[PDB]
Amino acid sequence: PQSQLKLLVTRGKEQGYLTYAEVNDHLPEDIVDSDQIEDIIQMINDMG
Amino acid sequence: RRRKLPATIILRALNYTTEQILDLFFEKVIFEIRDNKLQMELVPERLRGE
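Listed as the method for this PDB entry is X-ray crystallography; the listed resolution is 3.8369 Å.

Pasting the structure below:
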């Protein structure tokens, strides 16, 4: 029924692209941080 | 630009129970159990596209 973060990941991969806004809301209710994103765009960006 | 939220959640904050929201955004279909073995009210235009 649940596990959150898959989901934004698995969708981000199949689309091949996600808007900077696409990840923000699709992120789990857990990490909301502003500087959180900074490195994780670099994470998703080397992979797709 | 904030995080996405399910629409209906705002209506609840306006003091609308689920029944009220359904009452707002959906028409009604009346199911009558008369004598026995279900009867239904029919608006003749409801049968379009089905």
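Draft legend 1. View of the overall build of chain B. Along its length, chain B carries two helices and two strands. Mapped in sequence order, the helices and strands of chain B form the string α-α-β-β. Taking 50 residues into account, the globule formula puts the C-alpha radius of gyration at 10 Å, and chain B, at 17 Å, lies well above it. The principal-axis extents of the C-alpha atoms in chain B amount to approximately 50 × 25 × 15 Å.

Draft legend 2. Just the pattern of salt bridges, in detail. Note that B:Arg34 and B:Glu32 form a salt bridge whose closest N and O atoms lie 2.9 Å from each other. Between B:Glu45 and B:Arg48 there is a salt bridge, with the nearest N and O atoms lying 2.9 Å from each other.

Draft legend 3. Up close: unusual backbone geometry. All names here are of chain B. One non-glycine residue, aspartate 35, lies in the positive phi region at around 55°. Even without a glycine there, the phi angle at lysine 37 is positive, about 65°. Of note, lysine 37 is situated in the loop between β1 (31-32) and β2 (39-40).

Rules and cut-offs
- Keep in mind that residues are numbered from 1 along each chain as the sequence reads, not by the entry's scheme, and that residues without coordinates are left out.
- Starting at A for chains and at 1 for ligands, labels are handed out in the order in which the entities are written.
- Values throughout apply to the visible chains only, these chains being members of a larger assembly.
- Derived side-chain values reflect all non-hydrogen atoms in the structure, with water molecules and hydrogen atoms excluded from consideration.
- Residues with missing side-chain atoms are left out of burial classes, side-chain pairs and their counts.
- Secondary structure elements are defined from DSSP: runs of H or I of at least 4 residues count as helices, runs of E of at least 2 residues count as strands, and each element is numbered from the N terminus.
- Restricting the calculation to C-alpha atoms gives the radius of gyration, and the globule rule supplies 2.2 Å times the number of residues raised to the power 0.38.
- For this analysis, a salt bridge means a side-chain nitrogen from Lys or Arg found within 4 Å of a carboxyl oxygen belonging to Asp or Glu.

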